[PDB]
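Inspection log for the structure reproduced underneath, given as structure tokens.
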Amino acid sequence: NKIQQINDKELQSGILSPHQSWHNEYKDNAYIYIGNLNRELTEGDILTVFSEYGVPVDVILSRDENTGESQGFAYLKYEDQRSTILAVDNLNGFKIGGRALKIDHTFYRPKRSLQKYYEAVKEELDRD
RNA sequence: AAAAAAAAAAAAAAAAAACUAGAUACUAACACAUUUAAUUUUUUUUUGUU
């Protein structure tokens, strides 16, 4: 609802196409921060809503090291960037499970401690 | 220009109020297009990763 507020102003001026859009600030980014998730949605189900706008190559759900349950945020890289422009813009502010999730562009830095979680995820997304 | 008179009835201290609706004049240099670049409507069960 912070970002959703911008695009309405922006589109109203007829900004139309990325060169003039703030989404142009990125261009080298693909992962999207996915916020305000519900707690029970897992990686496979976050890999439900987000293929509407593209083809995910990677995904990471943030979850406590001990109890292993959702922190409530994820980082999902689309194969073709412009999905990111599409997901951030279009699906931000949308309700799942009563709470409206947030998306925004992100630069994502991998953490050693999850290293196995990368192949464990990749192998599934490597199936396709 | 100009040269009077005379025969014992009256007097007066100068319409409202209320009700309900309608009719028309009028009063305040009243206000009538700019208003928006520091500052509080922005609210949620804390939860954005070398």
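Here are the numbers for this structure:
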| item | result |
| --- | --- |
| Distance between modelled label sites at A:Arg109 and A:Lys2, nm, 7 Å Cα→Cβ extension | 1.9 |
| Amide H within-cut-off set for A:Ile96, under 5 Å, with H built and near neighbours excluded | A:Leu101 |
| Size of electric dipole in chain A: Cβ of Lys, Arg +1 and of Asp, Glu -1, about Cα centre, debye, nearest 20 | 420 |
| Using a Förster distance of 22 Å, the FRET efficiency for A:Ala100-A:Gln71 (Cβ separation, nearest 0.05) | 0.80 |
| Centroid-to-centroid separation of segment A:78-105 and segment A:3-33 [C-alpha atoms, Å] | 13 |
| Neighbour cut-off at most 13 other Cβ (10 Å), DSSP loop, trypsin sites (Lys or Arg not before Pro), segment A:1-68 | A:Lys2, A:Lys27, A:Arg39 |
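Note: ideal-geometry Cβ built from the backbone for every residue, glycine included; neighbour counts use all protein chains shown. No lab work stands behind these numbers, since they all come straight from the coordinates.
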